[PDB]
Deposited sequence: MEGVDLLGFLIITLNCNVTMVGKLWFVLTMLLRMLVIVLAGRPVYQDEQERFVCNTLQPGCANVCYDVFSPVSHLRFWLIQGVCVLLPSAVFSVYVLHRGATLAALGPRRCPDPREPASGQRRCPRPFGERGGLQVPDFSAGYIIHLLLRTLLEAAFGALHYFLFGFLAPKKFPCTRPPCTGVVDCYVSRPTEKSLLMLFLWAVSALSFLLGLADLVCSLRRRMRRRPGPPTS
């Protein structure tokens, strides 16, 4: 005996575990906020102050283009969005299936969206290992200090100096630690919400 803004929050809370909620808080307060606020200013002058020891115009542009085919700030952003996509698709599905069932009508009788949670957890877990492997195989662990350049529109070999590599290496380690910690939180929910299912099935 509740209103429509009643049994529309219980039907979404009772189908998600506390571990998932705290994972959501951790993944949106320590990952999607640090990247936007403290990641953009750091990588604002990666090309402006990429000083190369040369004088022929155009050597610096190609040298920088060869040095970094794609900066890892965009890699972090893409990985963060692709991790959060399944957590939104499932929420939309739950809302659609919960707000349409009350229209027909008949101490609560909330639906049971449990079979749609394990698949979501599996997809989210699988989407992180591939991204971690790509991160390791593309960017390594720490940024380099100087780069040698040989692609000639210019004459010779030009050694260029990277800008503020220590802070970049610190931020990379921080994000690595955050992702590693968040992987275990999502792995512990799949092994706990699946052993709690076969128990309640005589």
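S.K.: Going from the first residue of the deposited sequence to the last, where are the unmodelled runs?
M.R.: Those stretches are 1-2, 109-132, 229-233, listed in order.
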